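For reference, the structure discussed in these notes is given below.
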Amino acid sequence: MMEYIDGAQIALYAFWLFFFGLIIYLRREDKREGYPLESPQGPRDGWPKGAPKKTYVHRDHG
Amino acid sequence: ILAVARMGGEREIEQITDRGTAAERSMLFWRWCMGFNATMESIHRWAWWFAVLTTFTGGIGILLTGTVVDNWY
Amino acid sequence: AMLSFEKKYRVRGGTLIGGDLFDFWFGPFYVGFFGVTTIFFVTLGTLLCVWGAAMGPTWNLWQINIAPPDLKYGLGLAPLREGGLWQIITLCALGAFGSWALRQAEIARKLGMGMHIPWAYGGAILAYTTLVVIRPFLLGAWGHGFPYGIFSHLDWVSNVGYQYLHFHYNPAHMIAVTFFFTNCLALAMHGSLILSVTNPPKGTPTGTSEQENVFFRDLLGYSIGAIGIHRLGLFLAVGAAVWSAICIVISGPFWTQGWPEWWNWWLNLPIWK
Amino acid sequence: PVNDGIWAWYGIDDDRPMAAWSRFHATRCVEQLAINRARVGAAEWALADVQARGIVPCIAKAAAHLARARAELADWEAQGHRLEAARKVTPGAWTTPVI
Amino acid sequence: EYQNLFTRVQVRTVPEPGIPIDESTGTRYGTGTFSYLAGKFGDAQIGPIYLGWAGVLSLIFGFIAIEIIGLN
Amino acid sequence: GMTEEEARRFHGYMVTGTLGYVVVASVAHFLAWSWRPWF
Amino acid sequence: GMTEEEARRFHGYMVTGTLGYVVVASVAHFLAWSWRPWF
Amino acid sequence: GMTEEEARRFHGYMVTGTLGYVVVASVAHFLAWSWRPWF
Amino acid sequence: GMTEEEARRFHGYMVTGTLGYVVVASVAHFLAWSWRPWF
Amino acid sequence: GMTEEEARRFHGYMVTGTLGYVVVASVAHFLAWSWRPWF
Amino acid sequence: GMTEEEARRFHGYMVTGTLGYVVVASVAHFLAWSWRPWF
Amino acid sequence: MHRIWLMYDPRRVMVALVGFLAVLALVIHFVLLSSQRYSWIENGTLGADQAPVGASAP
Amino acid sequence: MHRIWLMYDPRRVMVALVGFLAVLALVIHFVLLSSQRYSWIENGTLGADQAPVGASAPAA
Amino acid sequence: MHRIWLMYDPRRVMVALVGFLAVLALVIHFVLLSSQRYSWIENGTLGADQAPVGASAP
Amino acid sequence: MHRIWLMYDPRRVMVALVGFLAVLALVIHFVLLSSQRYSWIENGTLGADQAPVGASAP
Amino acid sequence: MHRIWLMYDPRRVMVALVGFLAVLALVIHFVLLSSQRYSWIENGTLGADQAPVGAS
Amino acid sequence: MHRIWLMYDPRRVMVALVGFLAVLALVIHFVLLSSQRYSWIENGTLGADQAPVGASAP
Amino acid sequence: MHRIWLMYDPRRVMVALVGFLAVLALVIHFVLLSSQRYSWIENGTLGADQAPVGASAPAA
Amino acid sequence: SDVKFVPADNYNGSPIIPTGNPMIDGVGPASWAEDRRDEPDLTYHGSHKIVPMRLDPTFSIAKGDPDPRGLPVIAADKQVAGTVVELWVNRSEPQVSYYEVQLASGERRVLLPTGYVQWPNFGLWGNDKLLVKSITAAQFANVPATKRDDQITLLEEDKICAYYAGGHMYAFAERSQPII
Ligand SMILES: CCCCCCCCCCCCCC(=O)OC[C@H](COP(=O)(O)OCC(O)COP(=O)(O)OC[C@@H](COC(=O)CCCCCCCCCCCCC)OC(=O)CCCCCCCCCCCCC)OC(=O)CCCCCCCCCCCCC
Ligand SMILES: CCCCCCCCCCCCCC(=O)OC[C@H](COP(=O)(O)OCC(O)COP(=O)(O)OC[C@@H](COC(=O)CCCCCCCCCCCCC)OC(=O)CCCCCCCCCCCCC)OC(=O)CCCCCCCCCCCCC
Ligand code: BCL
Ligand code: BCL
Ligand SMILES: CC[C@H]1c2cc3[nH]c4c(c3C)C(=O)[C@H](C(=O)OC)c4c3nc(cc4[nH]c(cc(n2)[C@@H]1C)c(C(C)=O)c4C)[C@@H](C)[C@@H]3CCC(=O)OC/C=C(\C)CCC[C@H](C)CCC[C@H](C)CCCC(C)C
Ligand SMILES: COC(C)(C)C/C=C/C(C)=C/C=C/C(C=O)=C/C=C/C(C)=C/C=C/C=C(C)/C=C/C=C(\C)CC/C=C(C)/C=C/C=C(\C)C(=O)O
Ligand SMILES: COC(C)(C)C/C=C/C(C)=C/C=C/C(C=O)=C/C=C/C(C)=C/C=C/C=C(C)/C=C/C=C(\C)CC/C=C(C)/C=C/C=C(\C)C(=O)O
Ligand SMILES: COC(C)(C)C/C=C/C(C)=C/C=C/C(C=O)=C/C=C/C(C)=C/C=C/C=C(C)/C=C/C=C(\C)CC/C=C(C)/C=C/C=C(\C)C(=O)O
Ligand SMILES: COC(C)(C)C/C=C/C(C)=C/C=C/C(C=O)=C/C=C/C(C)=C/C=C/C=C(C)/C=C/C=C(\C)CC/C=C(C)/C=C/C=C(\C)C(=O)O
Ligand SMILES: CCCCCCCCCCCCO[C@@H]1O[C@H](CO)[C@@H](O[C@H]2O[C@H](CO)[C@@H](O)[C@H](O)[C@H]2O)[C@H](O)[C@H]1O
């Protein structure tokens, strides 16, 4: 049987894969405003590339 | 938000739908401080995930204790 | 690079020390005089941490351990192998954390913002300064500081706790824990409310301050308002760190027995002694 | 209490009706007379504005607010007269009149 | 420099929110009120609560749980 | 952005510094090897 | 962005540099195997 | 967005790259197998 | 900004200062090696 | 900022303060050496 | 704000006060050295 | 099945595939490297009959 | 049956399906790899008669 | 093949690639330098038959 | 080959290069200084025949 | 070298230099003060042949 | 030398100086009070021959 | 060679250089002062025949 | 010139220098979001969110707070700027959003956001004048106008708040300089 690999180690790497995926998601969200960046060399996106700028629909009132 | 509240920065929904100088200054402060920034919306996602992951990772650690690992040291 | 709206904001002014001399940016980062001092203390402190790892038994990130001196050295600098390196790194860390706070003030001044962020960070600096300066100084030896090591400082926390037999009974610690837990609850509620009005189900208009106030009102029974939840979040998060600093400074300098026997005053109130 | 605030806990209260001479009550009275006359002026300007634009339920409240501003002013004028009478009969009081 | 840490001037409104947004089934319990102390730090209105069926049952089940603990 | 003439001019210095640095490092390695060879 | 002609020019450099790097790494593995084989 | 022509052209390279990758993996597994089989 | 003449004038000071500092460091190492050599 | 003639005048004082400070330090070191040599 | 004349006046006091302080402190050291010398 | 590249942007899919393969290869290599039988950096030079094997039924 | 794709966007479903299958496959492999009987990396070369078996009824 | 550079900015890919290769090379070297057999700084002068080997089956 | 400096600003590349080589140089020196064989501050005056060697196989 | 002050206006950097020197002097004194050989507050009267040497 | 006061506001310099000297005096007194030889509040009446001295070289 | 100062502002290259040298100089001194052989404050008066030399254990 | 600022020099990361008056042009801390929507912010029920209290009869000052109307406003240079004559309230979350100040000179009325007003003793007593540290009494004359006297657009809210935000740097030439 596997001596070194155990269920706590497996679960921890499952979390790390999820968590880095989450940080990527959050950094895409962070870039909906102010991007692409202005620079002397032209537009810059950084990484990851930002999600598009989002339009909001207001209500018709009552 | 308190630091930009005089510029209307606490009206966070309008700063999200209709970005004002209070949002821009908030983004620039953190960008100039630590080299990256959120938005007025996305800071609330960072907030939401940090709080949620506190108890979610907690529960996993409890479930592993005494079932998979009996001596964590 | 710059955000699409940024260039307009990059004026001179708002510095505390250097005037125009250091009043420039490096990529996204504002420099300033305290940017220069930050990078000095960060680089020196980091390279001394790497030297501590080099002369220790392993490079394993979790096991690196730069320990303070023995208590017998009192308030002197020990030999560098014997804890003096920890003492130099502690001076660098104080220099870095202080420089970071003052740099944030220069940035806030340049943007016309209030000084809230520098002071809120002062709550964390206070807690660090309590652990490595104020409490060791009141106990009379720098060796009372915590070791710099990702898990070895957790061994320190464990042993300091059991120095008082049952640290959960520390009354300031109960308050500090209550603030940390209340803060995490409040953060989840505030984060959820803003996202729920800005990201309603598909085919629903964007929400309003009225809806989040109505929802918040029947959650807690009262409406806190937009400024109120940010005041509360700042109060809870910074208040946790302040009560943390209190709970550790009373342990040892002012109280020495087990913490459970501190509660003897409550049992002896004369209405029920 | 808005004016003395925390000092009302220690019994400093320079708003209370006073009929003997008191330089502290006279000081408070002179400050509050100016503020309340400005406040009456603003109240009747606001009535004139809201009458001009004609909104009936707002005209009602603007008149009610103006009446309250006049009444609050009249209390300070009464305080001013008491102190001014006491000034004339009391040695070492002010030479400049109250009200 | 004003720190914006507490509110020196509150304003009352005589009609009030607290009558909810359009909400359908269940009932709004109580009438809205203002606390001057709540108004110092945050918004002043202390006011109506919604339960519905799930809120009522939650309080009944929870009260029994609290009673059993306290009585023991 | 640079003219291609400016890129050409910069590239000459960049190659020359890289070569110089590699030479100094090569001497440094052979001194280290002579004193305490790692294979 | 690039024209297809610029994309073709870059591809030549990219493939050549990639294969060059693999050749240098191939000599590194030849030397390492001759010093201390891992199978 | 791709035309269906560009999609169908890109698909050819993708199938070819996948095949090249599976070939290398197959050789690698047979080298691994003949050195230390796992069944 | 600064002109090529200003850049050239600054460079002359900058190179000289570097080389003077390196010379002073050389004598410091000569002294230290005399006191307690490290190889 | 200051003019060159101001900078020359300031430099004259700054150099002299530096020499004064170094002289006091030099006497301090020689007193210390006389008391307790470190080599 | 300040002037050559104003600066000269203040400098006279600042120098005098500093030197006066150092004189009194030197007498304290004389007394301390007489009581319990440190070398 | 090329309409999958109309369904999904190939620039995103191909980065997803590269990331997937990178993670999966690293997982498998580190699992094997943590075993006894395939700890090849320490023991790769052992012959197939000398390599470790886990215990049988008794 | 095909009107299921009118209820559900196939572009969401295929991602959700691939996610489920990848999770499920990894869960089953690691559950087996943790077992005695099927720890195939260390014991895969054992014949079926000599692979481990959980203990039978103990006559307690 | 060159149309891949119409899908991806070569300036971005080259930065990505150098980042990947730098990390990967550092990881492989540190794995080897952690090992017994390839602690080359301490034991690199040993002959190939003197270098450590992991345990066999008994 | 100079057109690499048209794809990348030399001002940025030299910052990246100075940063990279500074870190790499400090890494290698501290790694060697942590070793037994190359702890040259304590042991640099030992001859090659006198310097440590990591334990060989039995 | 006087042209240095045309880069670095002295009124903005004297408090920098002086702050650097004051901290550096304090560090050196505290390093000496708790060495065995130079703990002059406790042992300054000993004289050089009696003062400690930290030999191995 | 007096033109230094045209660079710096004496009102601020005198505060910074007095603060510095107050801290410095307080530190030097505390260093002496914490010593053995100069802990004068307890041992100040001892004659200079009687006062403590640190250990010599063995 | 001098056009490096058209690429970079000399006012802040000099700041970054001086800071680097100060950090480097302090590190090397603290490293040497940590060693036994070069702990010069405690042992600087020892001649080179008395100065420490580190060795590995013989373990014969 | 139709550009509000220029680079201090050619190097990357250098500050910009305003070409005119920064408080008026909107550079640095005086900037506003220049593309912000020029429409009133609305309540849930679709009425104007921020209005003079004169036009909503449901509102009043709470018991126990000072009434700010009739108080003198003391500017950064300790001169009286004017008198508060009206309050503007946020109707979605009951607040005073702006004080409206009758200027002592030239007889404009200008808005003053409540986040720029300090009460004398942190409000603990006195409560008889309003302190505005950000701008001088002269600078009050240039506070951006509101194109109607009964509503304010999101763009105008940004212009007005930005004008006082710029005063912490530009109200006096000394405020840009360091403390040493
Ligand atoms: C367990 C619970 C944890 C809980 C705590 C969790 C913390 C999570 C938050 C921190 C991570 C986010 C940091 C961040 O986003 O910074 C912005 C930066 C660049 O921003 P950009 O907008 O995309 O691009 C700007 C660029 O286009 C133009 O800028 P400019 O031309 O002016 O300057 C050049 C850039 C060059 O970039 C860099 O130098 C990158 C520096 C290092 C990036 C982060 C590496 C990983 C962490 C640090 C490891 C080295 C640390 C010593 O210069 C800059 O932009 C510098 C500004 C960014 C400085 C970021 C400093 C972050 C420090 C984080 C410390 C974490 C400590 C744990 O982003 C990036 O470079 C890419 C970041 C990608 C997300 C990170 C997660 C990746 C997960 C793994 C996925 C697979 C591999 C990527
Ligand atoms: C890690 C700890 C935890 C903390 C962990 C978290 C760390 C967070 C930081 C992470 C890195 C952030 C990087 C960043 O933000 O960069 C912004 C910058 C801006 O790009 P740009 O705006 O487009 O371009 C700027 C450039 O065009 C103009 O620069 P400037 O003129 O303003 O400033 C000059 C620079 C430095 O100049 C040079 O380096 C070149 C000097 C001439 C070289 C000549 C050849 C030499 C050959 C050898 C000959 C030799 C013989 C002669 O510096 C300044 O003046 C600015 C002030 C610097 C900061 C103040 C320093 C104060 C003093 C203390 C210094 C202590 C020592 C550092 O971006 C770039 O330049 C491109 C990206 C550069 C990446 C740099 C980092 C690479 C690290 C790689 C490590 C990889 C490990 C796996
Ligand atoms: C000697 C003591 C042990 C220790 C033992 C434990 C144990 C045991 C646990 C933790 C857990 C936690 N510990 Mg620990 N912990 C120690 C040292 C520390 C230190 C420190 C500085 O030393 C810190 C900061 C922490 C921090 C933490 C948290 C991160 C974590 C709890 C998260 C949370 O939100 O919980 C607070 C949130 C909740 C409990 C969720 C509650 C939600 C429910 C729905 C609320 C119901 C309310 C109900 C309606 C009302 C009831 C009324 C009454 C019936 C009257 N521990 C040491 C090592 N710690 C937990 C964890 O996750 O571990 C992995 C845990 O179980
Ligand atoms: C007032 C203008 C000058 C001044 C003018 C003089 C004159 C004139 C004489 C001295 C003399 C002396 N001064 Mg002087 N002196 C000043 C400032 C100082 C300061 C200082 C910290 O600033 C110090 C330490 C001294 C110290 C000294 C001594 C070296 C010396 C005599 C002993 C002494 O200390 O008397 C105590 C004095 C002080 C601690 C401070 C000064 C007090 C007052 C202002 C002067 C007293 C002079 C004394 C009564 C002698 C009178 C001589 C007859 C009139 C002929 N002076 C100011 C700046 N000084 C005398 C000398 O040369 O003797 C050898 C002398 O004749
Ligand atoms: C993300 C992690 C953090 C988290 C989040 C979180 N907690 C939450 C929420 C969120 C997002 C909620 O929305 C929910 C909530 O309602 O918040 C106000 C909740 C909540 N978090 C709670 C507590 C809590 N959270 C904690 C922690 C955490 N909460 C984490 C730090 C802790 C800790 C640290 O120990 C506690 C104690 C509650 C306040 C609340 C859930 C309330 C609940 O479920 O109540 C059930 C009901 C009862 C126990 C019964 C009460 C009985 C009455 C007193 C009886 C009165 C008489 C009655 C009227 C009789 C019936 C008659 C009928 C006819 C009417
Ligand atoms: C512990 O073991 C571990 C660490 C784990 C093992 C692993 C190690 C690994 C993975 C190592 C990898 C190393 C590596 C990989 O490639 C290393 C690569 C190194 C390289 C390439 C170095 C290059 C250096 C180049 C230099 C110095 C250039 C200097 C240039 C100069 C001086 C001129 C500047 C220009 C001028 C003056 C022009 C102005 C005129 C202008 C502008 C005009 O005229 O216009
Ligand atoms: C035990 O440890 C564990 C970790 C467990 C073991 C396992 C490890 C594993 C799984 C490893 C996997 C590795 C791997 C997998 O794929 C590795 C893949 C590596 C790859 C792809 C390397 C590719 C390198 C390519 C290079 C260097 C290209 C250089 C190009 C150059 C120089 C040209 C630059 C352009 C120019 C000059 C044009 C300018 C002009 C222009 C633009 C003009 O003119 O326009
Ligand atoms: C523990 O062991 C570890 C630490 C691990 C071991 C490893 C160590 C390592 C890796 C070390 C690396 C070291 C290194 C690498 O390169 C070191 C490189 C050092 C260098 C480059 C030093 C350069 C110094 C230059 C100086 C001092 C310049 C002075 C200039 C002056 C005085 C004049 C300025 C001009 C003026 C005033 C004119 C104005 C006129 C104007 C404006 C006009 O006229 O306009
Ligand atoms: C293990 O680590 C450890 C143990 C620590 C070991 C390692 C230690 C190390 C590495 C130490 C390094 C030390 C160092 C390195 O450089 C130290 C460098 C020191 C230096 C530079 C000292 C310089 C001092 C200069 C002074 C005092 C000048 C004063 C000038 C004055 C007073 C005049 C002011 C001007 C006037 C009056 C005119 C106004 C006129 C005007 C305005 C007009 O006329 O207009
Ligand atoms: C502050 C006085 C108490 C501490 C004295 C310290 C001990 C030294 C005593 C020296 C005598 C008194 O100190 C002496 O006073 C005079 C007059 O006030 C100062 O004189 C100073 O102010 C006068 C004002 O008229 C200027 O004209 C003159 O140019 C300037 O130097 C001297 O600079 C100072 O040296």
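Backbone-built Cβ (ideal geometry, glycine too); neighbour counts: all protein chains shown. Every number here is computed from the coordinates shown, using simple stated rules; none is lab data.
What to note about this one:
- Restricting the stretch M:39-52 to residues that are surrounded by fewer than 11 Cβ atoms within 10 Å (Cβ to Cβ) and not acidic (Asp, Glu), the residue that is nearest to L:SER39 (Cα to Cα): M:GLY47
- Residues (in contact (Cβ under 8 Å) with a residue 40 or more places away in the chain and over 12 Å from B:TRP32 (Cβ atoms)) located in the stretch C:18-31: none
- Condition met for A:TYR25 (farther than 30 Å from L:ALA57 by Cα and buried (at least 16 other Cβ atoms within 10 Å of the Cβ)): no
- Of the residues making up the stretch L:32-58, those that are more than 10 Å from chain N (Cβ to nearest Cβ) and either surrounded by fewer than 18 Cβ atoms within 10 Å (Cβ to Cβ) or of a type in the set (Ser, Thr, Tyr) (or both) are L:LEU32, L:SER34, L:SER35, L:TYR38, L:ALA48, L:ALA55, L:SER56, L:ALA57, L:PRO58.
- Restricting the stretch O:1-31 to residues that are facing chain R (nearest Cβ under 10 Å) and under 19 Å from F:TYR13 (Cα atoms) leaves a set whose member that is surrounded by the most Cβ atoms within 10 Å (Cβ to Cβ) is O:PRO10.
- The lone exception for S:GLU86 - which of (1) without any contact (Cβ under 8 Å) to a residue 60 or more places away in the chain; (2) buried (at least 17 other Cβ atoms within 10 Å of the Cβ); (3) part of a loop (DSSP other than H, G, I, E, B); (4) not aliphatic (A, V, I, L, M) it fails: (3)
- Hits in the stretch G:1-17 (condition: in a helix (DSSP H, G or I) and either facing chain N (nearest Cβ under 9 Å) or surrounded by 11 or more Cβ atoms within 10 Å (Cβ to Cβ) (or both)): G:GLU4, G:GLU6, G:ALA7, G:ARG8, G:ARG9, G:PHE10, G:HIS11, G:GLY12, G:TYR13, G:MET14, G:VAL15, G:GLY17
- For the stretch C:168-180, the set of residues classified as touching a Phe, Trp or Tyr at 6+ places or on another chain (Cβ under 7 Å) and either outside any helix (DSSP H, G or I) or closer than 21 Å to B:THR54 by Cβ (or both) consists of C:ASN170, C:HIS173, C:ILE175, C:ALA176, C:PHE179, listed by residue number.
- Given (1) touching a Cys at 6+ places or on another chain (Cβ under 9 Å); (2) in contact (Cβ under 8 Å) with a residue 24 or more places away in the chain, index of the condition S:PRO57 fails: (2)
- Of the helices (runs of 4 or more DSSP H) lying entirely inside chain R, the ones with 1 or more residues being without any contact (Cβ under 8 Å) to a residue 40 or more places away in the chain and near ligand 8 (Cβ under 10 Å from one of its atoms) are found at R:4-7, R:10-34.
- Options B:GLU10, B:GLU41, B:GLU14, B:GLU24: the member that is in a loop (DSSP other than H, G, I, E, B), away from ligand 9 (no atom under 16 Å from the Cβ), within 14 Å of chain S (Cβ to nearest Cβ) and not hydroxyl-bearing (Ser, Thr, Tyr): B:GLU10
- Restricting attention to chain J, the residues that are within 28 Å of Q:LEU6 (Cβ to Cβ) and out of contact with any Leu (no Cβ under 8 Å at 6 or more places or on another chain) total 20.
- Residue selected from the stretch E:4-39 under the condition under 30 Å from S:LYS133 (Cα atoms) and surrounded by fewer than 16 Cβ atoms within 10 Å (Cβ to Cβ), by the criterion farthest from the other protein chains (Cβ to nearest Cβ): E:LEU37
- The set of residues in the stretch D:69-99 being surrounded by fewer than 17 Cβ atoms within 10 Å (Cβ to Cβ), of a type outside the set (A, V, I, L, M, F, W, C) and without any contact (Cβ under 8 Å) to a residue 24 or more places away in the chain consists of D:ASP75, D:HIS81, D:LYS88, D:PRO91, D:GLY92, D:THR95, D:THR96, D:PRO97.
- Residues being away from chain A (no Cβ under 14 Å), assigned to a loop (DSSP other than H, G, I, E, B) and among the β-branched types (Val, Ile, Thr) - total across the stretch S:34-76: 1
- Of the residues making up the stretch C:184-206, those that are more than 7 Å from chain B (Cβ to nearest Cβ) and either outside any helix (DSSP H, G or I) or surrounded by fewer than 17 Cβ atoms within 10 Å (Cβ to Cβ) (or both) number 9.
- Qualifying residue in the stretch C:213-236 (condition: away from chain E (no Cβ under 12 Å) and either at positive phi or surrounded by fewer than 22 Cβ atoms within 10 Å (Cβ to Cβ) (or both)): yes
- Here C:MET55 fulfils each of the conditions (1) in contact (Cβ under 8 Å) with a residue 12 or more places away in the chain; (2) in contact with a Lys or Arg (Cβ under 9 Å, 6 or more places away or on another chain); (3) more than 16 Å from ligand 9 (Cβ to nearest atom) apart from (3).
Okay, residues lined up against (1) more than 15 Å from the chain's Cα centre (by Cα); (2) closer than 21 Å to B:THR21 by Cα:
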site	(1), (2)
S:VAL80	yes, no
S:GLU86	no, no
S:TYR98	no, yes
S:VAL117	no, yes
S:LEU131	no, no
S:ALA137	no, no
S:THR146	no, yes
S:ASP149	yes, no
S:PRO178	yes, no
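- Residue list for the stretch D:52-82, filter: away from chain S (no Cβ under 11 Å), more than 19 Å from D:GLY41 (Cβ to Cβ) and part of a helix (DSSP H, G or I): D:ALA78, D:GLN79, D:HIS81, D:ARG82
- Residue match in the stretch O:50-57 (condition: under 17 Å from C:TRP51 (Cβ atoms), more than 16 Å from ligand 2 (Cβ to nearest atom) and out of contact with any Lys or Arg (no Cβ under 8 Å at 6 or more places or on another chain)): no
- With respect to (1) more than 11 Å from chain S (Cβ to nearest Cβ); (2) in a helix (DSSP H, G or I); (3) surrounded by 16 or more Cβ atoms within 10 Å (Cβ to Cβ), the lone exception for D:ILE35 is condition (1).
- Some residue of the stretch C:42-51 being away from ligand 8 (no atom under 16 Å from the Cβ) and either surrounded by fewer than 18 Cβ atoms within 10 Å (Cβ to Cβ) or assigned to a helix (DSSP H, G or I) (or both): yes
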